[PDB]
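Number of protein chains: 2
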Amino acid sequence: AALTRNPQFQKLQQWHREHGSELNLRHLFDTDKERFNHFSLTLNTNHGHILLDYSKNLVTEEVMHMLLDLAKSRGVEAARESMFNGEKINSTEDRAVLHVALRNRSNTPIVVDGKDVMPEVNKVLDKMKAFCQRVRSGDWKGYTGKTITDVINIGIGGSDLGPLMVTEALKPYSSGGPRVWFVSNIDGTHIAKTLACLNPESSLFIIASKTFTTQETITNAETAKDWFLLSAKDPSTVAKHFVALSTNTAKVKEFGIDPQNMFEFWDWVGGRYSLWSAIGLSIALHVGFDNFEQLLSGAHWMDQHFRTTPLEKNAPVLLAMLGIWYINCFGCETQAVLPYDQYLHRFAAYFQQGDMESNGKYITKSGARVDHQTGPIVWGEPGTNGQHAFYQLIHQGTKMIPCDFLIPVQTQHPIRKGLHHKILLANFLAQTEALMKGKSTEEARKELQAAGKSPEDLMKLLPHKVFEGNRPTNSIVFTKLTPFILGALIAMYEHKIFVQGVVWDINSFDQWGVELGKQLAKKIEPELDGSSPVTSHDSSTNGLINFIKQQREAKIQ
Amino acid sequence: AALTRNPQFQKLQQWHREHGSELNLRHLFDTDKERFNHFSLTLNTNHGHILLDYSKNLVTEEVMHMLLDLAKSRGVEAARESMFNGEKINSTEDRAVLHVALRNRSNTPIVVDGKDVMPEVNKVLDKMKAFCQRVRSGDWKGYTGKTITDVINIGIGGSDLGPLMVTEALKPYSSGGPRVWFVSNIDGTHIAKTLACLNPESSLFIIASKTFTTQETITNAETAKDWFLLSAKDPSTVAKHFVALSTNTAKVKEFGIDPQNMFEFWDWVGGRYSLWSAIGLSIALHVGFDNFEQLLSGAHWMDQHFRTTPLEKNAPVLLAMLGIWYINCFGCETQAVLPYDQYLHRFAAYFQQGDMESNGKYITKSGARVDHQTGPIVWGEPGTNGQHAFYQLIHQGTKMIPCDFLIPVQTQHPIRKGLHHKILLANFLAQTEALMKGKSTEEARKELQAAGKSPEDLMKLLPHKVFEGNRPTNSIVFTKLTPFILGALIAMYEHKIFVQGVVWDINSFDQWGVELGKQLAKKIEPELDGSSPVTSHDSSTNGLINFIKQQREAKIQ
Numbered sequence: 001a002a003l004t005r006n007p008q009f010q011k012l013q014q015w016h017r018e019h020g021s022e023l024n025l026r027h028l029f030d031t032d033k034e035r036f037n038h039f040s041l042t043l044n045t046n047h048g049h050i051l052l053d054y055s056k057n058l059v060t061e062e063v064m065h066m067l068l069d070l071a072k073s074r075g076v077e078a079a080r081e082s083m084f085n086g087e088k089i090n091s092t093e094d095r096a097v098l099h100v101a102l103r104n105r106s107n108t109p110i111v112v113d114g115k116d117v118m119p120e121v122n123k124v125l126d127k128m129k130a131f132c133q134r135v136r137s138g139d140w141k142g143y144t145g146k147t148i149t150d151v152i153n154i155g156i157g158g159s160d161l162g163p164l165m166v167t168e169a170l171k172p173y174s175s176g177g178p179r180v181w182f183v184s185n186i187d188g189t190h191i192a193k194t195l196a197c198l199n200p201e202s203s204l205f206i207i208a209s210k211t212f213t214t215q216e217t218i219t220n221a222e223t224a225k226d227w228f229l230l231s232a233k234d235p236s237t238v239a240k241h242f243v244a245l246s247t248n249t250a251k252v253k254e255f256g257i258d259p260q261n262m263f264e265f266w267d268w269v270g271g272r273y274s275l276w277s278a279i280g281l282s283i284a285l286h287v288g289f290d291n292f293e294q295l296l297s298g299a300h301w302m303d304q305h306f307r308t309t310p311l312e313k314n315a316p317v318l319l320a321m322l323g324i325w326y327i328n329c330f331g332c333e334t335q336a337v338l339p340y341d342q343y344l345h346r347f348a349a350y351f352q353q354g355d356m357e358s359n360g361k362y363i364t365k366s367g368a369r370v371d372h373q374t375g376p377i378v379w380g381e382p383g384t385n386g387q388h389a390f391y392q393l394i395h396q397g398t399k400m401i402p403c404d405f406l407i408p409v410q411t412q413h414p415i416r417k418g419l420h421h422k423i424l425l426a427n428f429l430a431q432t433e434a435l436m437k438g439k440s441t442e443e444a445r446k447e448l449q450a451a452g453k454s455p456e457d458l459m460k461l462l463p464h465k466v467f468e469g470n471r472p473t474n475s476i477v478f479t480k481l482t483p484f485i486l487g488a489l490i491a492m493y494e495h496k497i498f499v500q501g502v503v504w505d506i507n508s509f510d511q512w513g514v515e516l517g518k519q520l521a522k523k524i525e526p527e528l529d530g531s532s533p534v535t536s537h538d539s540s541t542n543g544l545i546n547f548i549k550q551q552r553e554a555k556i557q
Numbered sequence: 001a002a003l004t005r006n007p008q009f010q011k012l013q014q015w016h017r018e019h020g021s022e023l024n025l026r027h028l029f030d031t032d033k034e035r036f037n038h039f040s041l042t043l044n045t046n047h048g049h050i051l052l053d054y055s056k057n058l059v060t061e062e063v064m065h066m067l068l069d070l071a072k073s074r075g076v077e078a079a080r081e082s083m084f085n086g087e088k089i090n091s092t093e094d095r096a097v098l099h100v101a102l103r104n105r106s107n108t109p110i111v112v113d114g115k116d117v118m119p120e121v122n123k124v125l126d127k128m129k130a131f132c133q134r135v136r137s138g139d140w141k142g143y144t145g146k147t148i149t150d151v152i153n154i155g156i157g158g159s160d161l162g163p164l165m166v167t168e169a170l171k172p173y174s175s176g177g178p179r180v181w182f183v184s185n186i187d188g189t190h191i192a193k194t195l196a197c198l199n200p201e202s203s204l205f206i207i208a209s210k211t212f213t214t215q216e217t218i219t220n221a222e223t224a225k226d227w228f229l230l231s232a233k234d235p236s237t238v239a240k241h242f243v244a245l246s247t248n249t250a251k252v253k254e255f256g257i258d259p260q261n262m263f264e265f266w267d268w269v270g271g272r273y274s275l276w277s278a279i280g281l282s283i284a285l286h287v288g289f290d291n292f293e294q295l296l297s298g299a300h301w302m303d304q305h306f307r308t309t310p311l312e313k314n315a316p317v318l319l320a321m322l323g324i325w326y327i328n329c330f331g332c333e334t335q336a337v338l339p340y341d342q343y344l345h346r347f348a349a350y351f352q353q354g355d356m357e358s359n360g361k362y363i364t365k366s367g368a369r370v371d372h373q374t375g376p377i378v379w380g381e382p383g384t385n386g387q388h389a390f391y392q393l394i395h396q397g398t399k400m401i402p403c404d405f406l407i408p409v410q411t412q413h414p415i416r417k418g419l420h421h422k423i424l425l426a427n428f429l430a431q432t433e434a435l436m437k438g439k440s441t442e443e444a445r446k447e448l449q450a451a452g453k454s455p456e457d458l459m460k461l462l463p464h465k466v467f468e469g470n471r472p473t474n475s476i477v478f479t480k481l482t483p484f485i486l487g488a489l490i491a492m493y494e495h496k497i498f499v500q501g502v503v504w505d506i507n508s509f510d511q512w513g514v515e516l517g518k519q520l521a522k523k524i525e526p527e528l529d530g531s532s533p534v535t536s537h538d539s540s541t542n543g544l545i546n547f548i549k550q551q552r553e554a555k556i557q
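What follows is the structure in structure tokens.
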């Protein structure tokens, strides 16, 4: 395993064993008035500023140096170029990894298998735009000649969560667009409850599946199609209400979709990195293609920042190494993502997939079994909702939890002359200040005394009122949450995931872990029909199946 | 710190040290065909069955005995009676913990400070029912004589999540009820994107707040009022469109709400255990009082189960000790909740609050600082959604992650002759089968060889195809997700949480962790006013503040 054998890594772990515990944020800030200046990064995109304040982290100049050294010695710069240049770094599948090509606004040639991929990227985008124009303007008409009012994306994983998170994040930019709906669960209630709110004559479905045989997606697509046909009787109308983001033209034709409404993407486009491709169609439809282009440009901006910036000043890499520090040295299992922004309520869920499906790995690019930790469990809820659910554990539990706090300076809803947003900002700043400052015994004792508590009352309360602090955070503040900024932000985290992967020597771009579950589920499916008991598995699987058969018959109240 | 002093605890740890790594799920099942029979539990509620199958846990009859011995030596049973008897077990706040009184259908007296609380519980319930009748039937009217179509719940933490989660879960039981909406974030987009969807004439607001001075709630309540008065205009109209869940009669009247529509609850009702009280007004409004009464009955049934069942077969206890095993011996930081049910999409989020805010503690009932792990990090998304997001890390990452898998046998939407649910069940059973069974190097090799891979190609891919398995899960299956079953399930986890807290000797029922953040936010609020640079905090807090002040006036192009 490369990491463990890397001398810079070893130096890093030895230092932590020796000095890690003695680091205390409060002392560090009390002793060094330049801390913010030393550990902060200001990015002017020319379309708004993004401030990355990583100063409330358990680091010193010495630690940052050791980390930057490790990134250098782990080759992140060369691995980065390999990615951007089209080399097949997805080693286990022998594929390129070029989500950066999807948003490549410079159109600089990126060649794979002898051909510049750019023209294909652009043909698809041009195609998406033309269609998006037809639909939004009311040009495109349903089978009864009515304009489209609802766009329904059907897909799983990356064919879903991205468009869904982005459209929710960019709501304010959706004037003139039709409503978007997202179906993903195979669970029939997901499609039932969506279908119940629709009019077939004005609904347009998008089936998002590269192979067009994804089971849950195609099953959902077929239910939608039978629902449509109940009204339209006529199968030739399907072409008016169902389009496809896919590569499987035969299967697409078979379903009833006009193959001119098949929007292609490529194998170098991982699902958890697909929103910038044809997979983004529902985003473009909801907020228009200008905004979709701003989203891509935002991503492109961050891509250039990742590429041209010295490591010391590289947002994505600084983010990654801080994570390595907490994962491979402090041993923290999780990474919290807390955007103080309701529109961004699925931001954390989205990266739960991006990070976890990319870096939840245990085999290195050499075939070696990892002997160090890899990807963290990512999780979160937007502030201040989360603040009211679980921060108690963050402030006073027994776990170290690195948190990323995010917020826009300008809100899309400056209601009450800025009141809600002021309170929101104050909490965003106070929470991180709290996590790092804490409240000592003496500090709490004073408050108890001043509040009128008795000595007995004081004695019992005291310990519970102490905050140990020393809980590290990142603050990421940006001028406003526009399509462009959102683009840069998503890409920033994408590149953070890339770097950690490189440092760990794993392949962030495959996902072999899904195979076992699918094959086992195929075996079970037919065993579920019928009354007789199943005895072919382990006793649990067997017992569970038999309990389902017994109770499926039950009439309950 | 007594858990650590406890001899049963010590023996458990010493045993795990010597034998824990030896446990192999696949081997246990292979060597004991009764495993399922021996490590599972069936519960007939008279309103649906609940199968708790904990056989896929790293545990033997010896380990369980040790875990129960521990629950015994830690006084689980007595603490339990203490809660049920109305004793002040919330020791820091000197209060009773009586959410079980709220659902006490037997009406057995529970006396606090010399008086049965039941009559007060039932008075409020009766009152909840009457108003609910008045609203659903159309009797209750708005300032223009229209009946109510939308009910808007406004609150934070427990005044919001429970009601949001339960109404999402029980949607099919809402025929005849008004649409419910939930507003919690202080961030302005929340209330604003909600208000934009309403008609003031037929909208009823419910401001949920014990003290009625909860800053973010009240701020939202005022924005709502002010928005209602922009059309209704007469302040006396507020009383027909706002009711309150509170005890602060004065603050309620001062807001314009009629004190006769102030539904009360008590000190002994924790926010994270409040949905069963007046706090569930919106639940009752949405699904009717009958269903709401079914919900409390389900929880009462589980309460009785917890109270009368010997530890060995006590579901919540079993759940509690199992978690102790993973938390205190295996060192697992997190616990996943994965409902294969889209209606339950907010179930995990609910328990993230109910668990982490109860048990994220570090000071024990005696004042000592713990020296062992405490509450886990709770997270999740419903399957198969989550399956397609992060299961990669669970199957092949570097972290042990206890998962609870839950599913109703019978679905609320049996479309396509049951095809969707069939697939859902198959994935539900297959995933746990997979986490347990894994796929070995040899098995993976035969596959690759069978797929015609060259020796070089096989070699490079082989280890990536290996599933190590041995990943423990609980499988909780229940006949159907009805209001009753749901209530049972909620109470089940409530008691799991209670049992863990007792073992940790912490106070699951206070929440002192919120103060610092609250204190520090109020300091910052006024400082945000203006263009003067702030200098009064550590350099990061100042830096952030100044950047915010600097960018609030940035025109963005």
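Residue numbers (PDB author numbering), protein chains in the order written: chain B, 1 to 557; chain A, 1 to 557. Note that CB positions come from ideal geometry on N, CA and C, so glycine has one too.
List, from N- to C-terminal side, the alpha helix (DSSP H) runs of 4 residues or more that fit wholly inside the stretch 210-251 of chain A.
215-229 and 238-241
Less than 8 Å between the CB atoms is what I'm expecting for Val-252 of chain A and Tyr-173 of chain A, so what's the real figure, rounded?
Not quite, the Cβ-Cβ distance comes to about 30 Å (not below 8 Å), so this is no contact.
Rounding to the nearest angstrom, what Cα-Cα distance links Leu-245 of chain A and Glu-264 of chain A in this structure?
6 Å
Between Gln-396 of chain A and chain B, is the shortest Cβ-Cβ distance under 8 Å, so that the two count as touching?
yes
Closest Cα partner of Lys-522 of chain A within the set B:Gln-431, B:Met-436, B:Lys-460 and B:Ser-202:
B:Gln-431
CB of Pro-402 of chain A within 8 Å of CB of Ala-315 of chain A, strictly
no
Given that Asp-341 of chain B touches chain A, what residues does it touch there, using C-beta distances under 8 Å?
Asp-187 and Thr-189
Could you pull out every residue in the same chain whose Cβ sits closer than 8 Å to the Cβ of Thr-249 of chain B, ignoring the five residues on either side in sequence?
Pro-259 and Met-262
Which runs of the alpha helix (DSSP H) at least 4 residues long sit entirely within the stretch 500-541 of chain B? Give them in chain order.
515-527
Under 8 Å between C-beta atoms, does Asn-90 of chain B make it to chain A?
no
Looking at chain A, which residues of the stretch 478-502 of chain B have a Cβ within less than 8 Å of any of its Cβ atoms?
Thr-479, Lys-480 and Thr-482
Alpha-carbon spacing of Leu-281 of chain A relative to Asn-185 of chain A, whole angstroms
20 Å
Looking at C-alpha atoms only, which residue of B:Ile-394, B:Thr-149, B:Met-165 and B:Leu-311 is the closest neighbour of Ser-175 of chain B?
B:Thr-149
Select from the stretch 409-421 of chain A all residues with a C-beta closer than 8 Å to any C-beta belonging to chain B, and list them in chain order.
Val-409, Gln-410, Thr-411, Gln-412, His-413, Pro-414, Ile-415, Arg-416, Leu-419, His-420 and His-421
Reducing DSSP to helix, strand and coil, say where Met-400 of chain A ends up.
coil
How would you call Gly-298 of chain A, buried or exposed, if buried means at least 16 neighbouring beta carbons within 10 angstroms?
buried
Return the Cβ separation of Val-534 of chain A and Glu-527 of chain A in integer angstroms, given the expectation that the two are a contact with Cβ distance under 8 Å.
5 Å
Could you have a look at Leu-204 of chain A and say whether DSSP puts it in helix, strand or coil?
strand
Less than 8 Å between CB atoms is the rule here; does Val-370 of chain B satisfy it with respect to chain A?
yes
Going by the DSSP bridge assignment, what does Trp-379 of chain A pair with across the sheet?
A:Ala-336
N- and C-terminal bounds of the beta strand (DSSP E) containing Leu-51 of chain B
49-53
For the beta strand (DSSP E) that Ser-475 of chain A lies in, which residues bound it at each end?
473-480
Which residues bound the alpha helix (DSSP H) around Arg-5 of chain B?
2-5
Between the stretch 322-338 of chain B and the stretch 332-350 of chain A, do three or more beta carbon pairs fall short of 8 Å?
yes
Check each residue of the stretch 502-525 of chain A: if its Cβ is closer than 9 Å to any Cβ of chain B, include it; give the result in chain order.
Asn-507, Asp-510, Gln-511, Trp-512, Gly-513, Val-514, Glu-515, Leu-516, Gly-517, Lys-518, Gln-519, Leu-520, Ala-521, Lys-522, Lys-523, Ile-524 and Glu-525
Quick test of your reading: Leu-544 of chain B and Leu-429 of chain A, contact by CB under 8 Å. State the CB separation rounded to the nearest angstrom.
6 Å
Pick from B:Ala-1, B:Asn-37, B:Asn-44 and B:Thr-31 that is closest to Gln-557 of chain A, judged by C-alpha positions:
B:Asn-44
Look at the alpha carbon of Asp-116 of chain B and the alpha carbon of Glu-381 of chain B, and state the distance between them as a whole number of angstroms.
41 Å
With a threshold of 8 Å between beta-carbons, can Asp-53 of chain A be considered close to chain B, or not?
yes
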